[PDB]
Amino acid sequence: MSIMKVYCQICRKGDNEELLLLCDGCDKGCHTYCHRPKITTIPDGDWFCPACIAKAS
Ligand SMILES: NCC(=O)Nc1ccc(N)cc1
Ligand SMILES: [Zn+2]
Ligand SMILES: [Zn+2]
């Protein structure tokens with residue numbers, strides 16, 4: 001067995017799933033409202049977290 005429950009890297013809670021961005025690079029989560037700067041566009045498709053982009057850049 002293996003269990004994955006997603007938690008937001010910042011506040012460390014899995015609530016508000018609708019505002020919880022799962023990064024498709026590294027599978028990590030972050031609430032839009034926990035982000036600095038805050039996200040006000042709930043992404044239309046795929047999310048790459050800030051850390052992943054600076055690697056991919
Ligand atoms: N991995 C992309 C992602 O997380 N997209 C997403 C889309 C809609 C909502 N409400 C939340 C998250
Ligand atoms: Zn959070
Ligand atoms: Zn990532």
# chains A, B, ... in the order shown; residues from 1 in each chain; ligands from 1
>>> closest_atom_pairs(of="chain A", to="ligand 2", cutoff="8 Å", atoms="only C-alpha atoms and all ligand atoms", output="Markdown table")
| residue | atom | partner | partner_atom_place_in_ligand_line | distance |
| --- | --- | --- | --- | --- |
| A:7 | CA | ligand 2 | 1 (Zn) | 7.7 |
| A:8 | CA | ligand 2 | 1 (Zn) | 4.6 |
| A:9 | CA | ligand 2 | 1 (Zn) | 6.6 |
| A:10 | CA | ligand 2 | 1 (Zn) | 5.0 |
| A:11 | CA | ligand 2 | 1 (Zn) | 4.1 |
| A:12 | CA | ligand 2 | 1 (Zn) | 6.1 |
| A:13 | CA | ligand 2 | 1 (Zn) | 6.2 |
| A:14 | CA | ligand 2 | 1 (Zn) | 7.7 |
| A:20 | CA | ligand 2 | 1 (Zn) | 7.5 |
| A:30 | CA | ligand 2 | 1 (Zn) | 5.5 |
| A:31 | CA | ligand 2 | 1 (Zn) | 4.2 |
| A:32 | CA | ligand 2 | 1 (Zn) | 7.3 |
| A:33 | CA | ligand 2 | 1 (Zn) | 6.6 |
| A:34 | CA | ligand 2 | 1 (Zn) | 4.6 |
| A:35 | CA | ligand 2 | 1 (Zn) | 7.7 |
>>> write_last_selection(atoms="N, CA, C and O atoms", output="PDB file, in the first residue's frame")
ATOM      1  N   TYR A   7      -1.012  18.164   0.625  1.00  0.00           N
ATOM      2  CA  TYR A   7      -1.013  19.282   1.566  1.00  0.00           C
ATOM      3  C   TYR A   7      -0.299  20.484   0.920  1.00  0.00           C
ATOM      4  O   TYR A   7       0.612  20.316   0.081  1.00  0.00           O
ATOM      5  N   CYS A   8      -0.694  21.678   1.299  1.00  0.00           N
ATOM      6  CA  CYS A   8      -0.134  22.859   0.731  1.00  0.00           C
ATOM      7  C   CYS A   8       1.204  23.071   1.368  1.00  0.00           C
ATOM      8  O   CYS A   8       1.304  23.100   2.598  1.00  0.00           O
ATOM      9  N   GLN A   9       2.250  23.239   0.565  1.00  0.00           N
ATOM     10  CA  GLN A   9       3.613  23.389   1.118  1.00  0.00           C
ATOM     11  C   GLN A   9       3.735  24.464   2.172  1.00  0.00           C
ATOM     12  O   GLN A   9       4.605  24.387   2.972  1.00  0.00           O
ATOM     13  N   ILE A  10       2.888  25.484   2.142  1.00  0.00           N
ATOM     14  CA  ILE A  10       3.030  26.628   3.023  1.00  0.00           C
ATOM     15  C   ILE A  10       2.247  26.475   4.325  1.00  0.00           C
ATOM     16  O   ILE A  10       2.817  26.497   5.396  1.00  0.00           O
ATOM     17  N   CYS A  11       0.936  26.362   4.239  1.00  0.00           N
ATOM     18  CA  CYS A  11       0.163  26.283   5.466  1.00  0.00           C
ATOM     19  C   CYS A  11       0.070  24.848   5.966  1.00  0.00           C
ATOM     20  O   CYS A  11      -0.326  24.619   7.100  1.00  0.00           O
ATOM     21  N   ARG A  12       0.420  23.892   5.105  1.00  0.00           N
ATOM     22  CA  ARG A  12       0.555  22.480   5.474  1.00  0.00           C
ATOM     23  C   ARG A  12      -0.793  21.809   5.738  1.00  0.00           C
ATOM     24  O   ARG A  12      -0.903  20.931   6.584  1.00  0.00           O
ATOM     25  N   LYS A  13      -1.800  22.201   4.969  1.00  0.00           N
ATOM     26  CA  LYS A  13      -3.154  21.709   5.101  1.00  0.00           C
ATOM     27  C   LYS A  13      -3.704  21.403   3.729  1.00  0.00           C
ATOM     28  O   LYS A  13      -3.398  22.095   2.762  1.00  0.00           O
ATOM     29  N   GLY A  14      -4.555  20.387   3.660  1.00  0.00           N
ATOM     30  CA  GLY A  14      -5.116  19.902   2.398  1.00  0.00           C
ATOM     31  C   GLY A  14      -6.516  20.404   2.114  1.00  0.00           C
ATOM     32  O   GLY A  14      -7.113  19.991   1.126  1.00  0.00           O
ATOM     33  N   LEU A  20      -6.164  24.750  -4.523  1.00  0.00           N
ATOM     34  CA  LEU A  20      -4.928  24.077  -4.206  1.00  0.00           C
ATOM     35  C   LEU A  20      -4.266  23.712  -5.510  1.00  0.00           C
ATOM     36  O   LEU A  20      -4.745  22.868  -6.228  1.00  0.00           O
ATOM     37  N   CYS A  30       0.253  23.922  -3.409  1.00  0.00           N
ATOM     38  CA  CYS A  30       0.271  25.203  -2.768  1.00  0.00           C
ATOM     39  C   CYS A  30      -1.063  25.927  -3.012  1.00  0.00           C
ATOM     40  O   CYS A  30      -1.496  26.063  -4.127  1.00  0.00           O
ATOM     41  N   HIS A  31      -1.725  26.362  -1.961  1.00  0.00           N
ATOM     42  CA  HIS A  31      -2.946  27.164  -2.108  1.00  0.00           C
ATOM     43  C   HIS A  31      -2.609  28.438  -2.830  1.00  0.00           C
ATOM     44  O   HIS A  31      -1.534  29.019  -2.607  1.00  0.00           O
ATOM     45  N   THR A  32      -3.528  28.890  -3.670  1.00  0.00           N
ATOM     46  CA  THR A  32      -3.345  30.143  -4.395  1.00  0.00           C
ATOM     47  C   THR A  32      -3.120  31.289  -3.395  1.00  0.00           C
ATOM     48  O   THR A  32      -2.319  32.203  -3.605  1.00  0.00           O
ATOM     49  N   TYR A  33      -3.883  31.254  -2.316  1.00  0.00           N
ATOM     50  CA  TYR A  33      -3.844  32.314  -1.304  1.00  0.00           C
ATOM     51  C   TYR A  33      -2.571  32.256  -0.416  1.00  0.00           C
ATOM     52  O   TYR A  33      -2.239  33.236   0.245  1.00  0.00           O
ATOM     53  N   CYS A  34      -1.885  31.123  -0.393  1.00  0.00           N
ATOM     54  CA  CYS A  34      -0.613  30.986   0.327  1.00  0.00           C
ATOM     55  C   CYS A  34       0.580  31.470  -0.472  1.00  0.00           C
ATOM     56  O   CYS A  34       1.606  31.838   0.076  1.00  0.00           O
ATOM     57  N   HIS A  35       0.439  31.460  -1.773  1.00  0.00           N
ATOM     58  CA  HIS A  35       1.443  32.004  -2.660  1.00  0.00           C
ATOM     59  C   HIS A  35       1.718  33.469  -2.401  1.00  0.00           C
ATOM     60  O   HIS A  35       0.777  34.249  -2.145  1.00  0.00           O
TER      61      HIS A  35
END
>>> select_by_dssp(residues="chain A", states="helix (DSSP H, G or I)", output="list in words")
residues 17, 18, 19, 50, 51, 52, 53, 54, 55 and 56 of chain A
>>> residues_near_ligand(ligand="ligand 1", cutoff="12 Å", atoms="only C-alpha atoms and all ligand atoms", output="VMD selection string")
chain A and resid 6 8 15 to 33 39 to 49
>>> write_last_selection(atoms="N, CA and C atoms", output="CSV table (one decimal), in the first residue's frame")
chain,number,residue,atom,x,y,z
A,6,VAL,N,-2.6,15.3,-0.4
A,6,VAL,CA,-1.9,16.5,-0.8
A,6,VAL,C,-2.1,17.5,0.2
A,8,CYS,N,-0.7,21.7,1.3
A,8,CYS,CA,-0.1,22.9,0.7
A,8,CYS,C,1.2,23.1,1.4
A,15,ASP,N,-7.0,21.3,2.9
A,15,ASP,CA,-8.4,21.9,2.7
A,15,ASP,C,-8.4,22.8,1.5
A,16,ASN,N,-9.6,23.3,1.2
A,16,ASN,CA,-9.8,24.2,0.0
A,16,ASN,C,-9.2,23.6,-1.3
A,17,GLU,N,-9.3,22.3,-1.5
A,17,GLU,CA,-8.9,21.7,-2.7
A,17,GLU,C,-9.1,22.5,-4.0
A,18,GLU,N,-10.2,23.2,-4.2
A,18,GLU,CA,-10.4,24.0,-5.4
A,18,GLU,C,-9.4,25.2,-5.6
A,19,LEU,N,-8.8,25.6,-4.5
A,19,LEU,CA,-7.7,26.6,-4.6
A,19,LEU,C,-6.3,26.1,-4.4
A,20,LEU,N,-6.2,24.8,-4.5
A,20,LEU,CA,-4.9,24.1,-4.2
A,20,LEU,C,-4.3,23.7,-5.5
A,21,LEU,N,-3.2,24.4,-5.8
A,21,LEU,CA,-2.5,24.1,-7.1
A,21,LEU,C,-1.5,22.9,-6.8
A,22,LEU,N,-1.7,21.8,-7.5
A,22,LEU,CA,-0.8,20.6,-7.5
A,22,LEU,C,0.2,20.9,-8.7
A,23,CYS,N,1.5,21.0,-8.4
A,23,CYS,CA,2.5,21.3,-9.4
A,23,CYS,C,2.7,20.0,-10.2
A,24,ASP,N,2.5,20.0,-11.5
A,24,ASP,CA,2.7,18.8,-12.4
A,24,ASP,C,4.1,18.5,-12.7
A,25,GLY,N,5.1,19.3,-12.3
A,25,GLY,CA,6.5,18.9,-12.2
A,25,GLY,C,6.8,17.9,-11.1
A,26,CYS,N,6.7,18.5,-9.9
A,26,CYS,CA,7.1,17.8,-8.7
A,26,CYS,C,6.0,17.3,-7.8
A,27,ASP,N,4.8,17.3,-8.3
A,27,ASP,CA,3.6,16.9,-7.5
A,27,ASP,C,3.3,17.6,-6.2
A,28,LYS,N,3.9,18.8,-6.0
A,28,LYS,CA,3.6,19.5,-4.8
A,28,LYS,C,2.5,20.4,-4.9
A,29,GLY,N,2.0,20.9,-3.7
A,29,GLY,CA,0.7,21.6,-3.7
A,29,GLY,C,1.0,22.9,-3.0
A,30,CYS,N,0.3,23.9,-3.4
A,30,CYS,CA,0.3,25.2,-2.8
A,30,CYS,C,-1.1,25.9,-3.0
A,31,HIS,N,-1.7,26.4,-2.0
A,31,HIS,CA,-2.9,27.2,-2.1
A,31,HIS,C,-2.6,28.4,-2.8
A,32,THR,N,-3.5,28.9,-3.7
A,32,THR,CA,-3.3,30.1,-4.4
A,32,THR,C,-3.1,31.3,-3.4
A,33,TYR,N,-3.9,31.3,-2.3
A,33,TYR,CA,-3.8,32.3,-1.3
A,33,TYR,C,-2.6,32.3,-0.4
A,39,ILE,N,-2.0,34.2,-6.2
A,39,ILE,CA,-2.5,33.8,-7.5
A,39,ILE,C,-3.9,34.3,-7.5
A,40,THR,N,-4.3,35.1,-8.5
A,40,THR,CA,-5.8,35.3,-8.6
A,40,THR,C,-6.4,34.7,-9.8
A,41,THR,N,-5.6,34.2,-10.8
A,41,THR,CA,-6.1,33.3,-11.8
A,41,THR,C,-6.0,31.8,-11.5
A,42,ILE,N,-7.1,31.1,-11.2
A,42,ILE,CA,-7.1,29.7,-11.1
A,42,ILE,C,-6.7,29.1,-12.5
A,43,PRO,N,-5.5,28.4,-12.6
A,43,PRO,CA,-5.0,28.1,-13.9
A,43,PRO,C,-5.9,27.3,-14.7
A,44,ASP,N,-5.9,27.5,-16.0
A,44,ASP,CA,-6.9,26.9,-16.9
A,44,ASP,C,-6.5,25.4,-17.2
A,45,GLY,N,-5.2,25.1,-17.2
A,45,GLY,CA,-4.7,23.8,-17.5
A,45,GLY,C,-3.6,23.4,-16.4
A,46,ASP,N,-2.4,23.3,-16.9
A,46,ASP,CA,-1.3,22.8,-16.1
A,46,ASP,C,-0.4,23.8,-15.3
A,47,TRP,N,0.0,23.4,-14.1
A,47,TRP,CA,0.7,24.2,-13.2
A,47,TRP,C,2.2,23.8,-12.9
A,48,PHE,N,3.1,24.6,-13.3
A,48,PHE,CA,4.4,24.4,-12.9
A,48,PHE,C,4.8,25.4,-11.8
A,49,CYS,N,5.2,24.8,-10.7
A,49,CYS,CA,5.5,25.6,-9.5
A,49,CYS,C,6.8,26.5,-9.8
>>> select_by_dssp(residues="chain A", states="strand (DSSP E or B)", output="PyMOL selection string")
chain A and resi 8+20-22+29-31
>>> decode(residues="range 8-22 of chain A", atoms="N, CA and C atoms", output="PDB file, in the first residue's frame")
ATOM      1  N   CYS A   8      -0.694  21.678   1.299  1.00  0.00           N
ATOM      2  CA  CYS A   8      -0.134  22.859   0.731  1.00  0.00           C
ATOM      3  C   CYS A   8       1.204  23.071   1.368  1.00  0.00           C
ATOM      4  N   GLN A   9       2.250  23.239   0.565  1.00  0.00           N
ATOM      5  CA  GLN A   9       3.613  23.389   1.118  1.00  0.00           C
ATOM      6  C   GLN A   9       3.735  24.464   2.172  1.00  0.00           C
ATOM      7  N   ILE A  10       2.888  25.484   2.142  1.00  0.00           N
ATOM      8  CA  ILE A  10       3.030  26.628   3.023  1.00  0.00           C
ATOM      9  C   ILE A  10       2.247  26.475   4.325  1.00  0.00           C
ATOM     10  N   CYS A  11       0.936  26.362   4.239  1.00  0.00           N
ATOM     11  CA  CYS A  11       0.163  26.283   5.466  1.00  0.00           C
ATOM     12  C   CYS A  11       0.070  24.848   5.966  1.00  0.00           C
ATOM     13  N   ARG A  12       0.420  23.892   5.105  1.00  0.00           N
ATOM     14  CA  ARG A  12       0.555  22.480   5.474  1.00  0.00           C
ATOM     15  C   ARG A  12      -0.793  21.809   5.738  1.00  0.00           C
ATOM     16  N   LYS A  13      -1.800  22.201   4.969  1.00  0.00           N
ATOM     17  CA  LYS A  13      -3.154  21.709   5.101  1.00  0.00           C
ATOM     18  C   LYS A  13      -3.704  21.403   3.729  1.00  0.00           C
ATOM     19  N   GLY A  14      -4.555  20.387   3.660  1.00  0.00           N
ATOM     20  CA  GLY A  14      -5.116  19.902   2.398  1.00  0.00           C
ATOM     21  C   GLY A  14      -6.516  20.404   2.114  1.00  0.00           C
ATOM     22  N   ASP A  15      -7.039  21.312   2.942  1.00  0.00           N
ATOM     23  CA  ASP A  15      -8.380  21.864   2.717  1.00  0.00           C
ATOM     24  C   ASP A  15      -8.440  22.800   1.483  1.00  0.00           C
ATOM     25  N   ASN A  16      -9.604  23.341   1.177  1.00  0.00           N
ATOM     26  CA  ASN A  16      -9.814  24.173  -0.014  1.00  0.00           C
ATOM     27  C   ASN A  16      -9.215  23.646  -1.309  1.00  0.00           C
ATOM     28  N   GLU A  17      -9.306  22.344  -1.501  1.00  0.00           N
ATOM     29  CA  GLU A  17      -8.898  21.686  -2.738  1.00  0.00           C
ATOM     30  C   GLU A  17      -9.120  22.486  -4.047  1.00  0.00           C
ATOM     31  N   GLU A  18     -10.240  23.189  -4.205  1.00  0.00           N
ATOM     32  CA  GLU A  18     -10.425  24.037  -5.405  1.00  0.00           C
ATOM     33  C   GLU A  18      -9.364  25.154  -5.601  1.00  0.00           C
ATOM     34  N   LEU A  19      -8.756  25.626  -4.523  1.00  0.00           N
ATOM     35  CA  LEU A  19      -7.690  26.625  -4.646  1.00  0.00           C
ATOM     36  C   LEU A  19      -6.294  26.058  -4.426  1.00  0.00           C
ATOM     37  N   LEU A  20      -6.164  24.750  -4.523  1.00  0.00           N
ATOM     38  CA  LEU A  20      -4.928  24.077  -4.206  1.00  0.00           C
ATOM     39  C   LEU A  20      -4.266  23.712  -5.510  1.00  0.00           C
ATOM     40  N   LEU A  21      -3.172  24.375  -5.834  1.00  0.00           N
ATOM     41  CA  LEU A  21      -2.450  24.061  -7.053  1.00  0.00           C
ATOM     42  C   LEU A  21      -1.479  22.902  -6.837  1.00  0.00           C
ATOM     43  N   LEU A  22      -1.749  21.765  -7.475  1.00  0.00           N
ATOM     44  CA  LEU A  22      -0.802  20.639  -7.545  1.00  0.00           C
ATOM     45  C   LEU A  22       0.171  20.938  -8.674  1.00  0.00           C
TER      46      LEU A  22
END
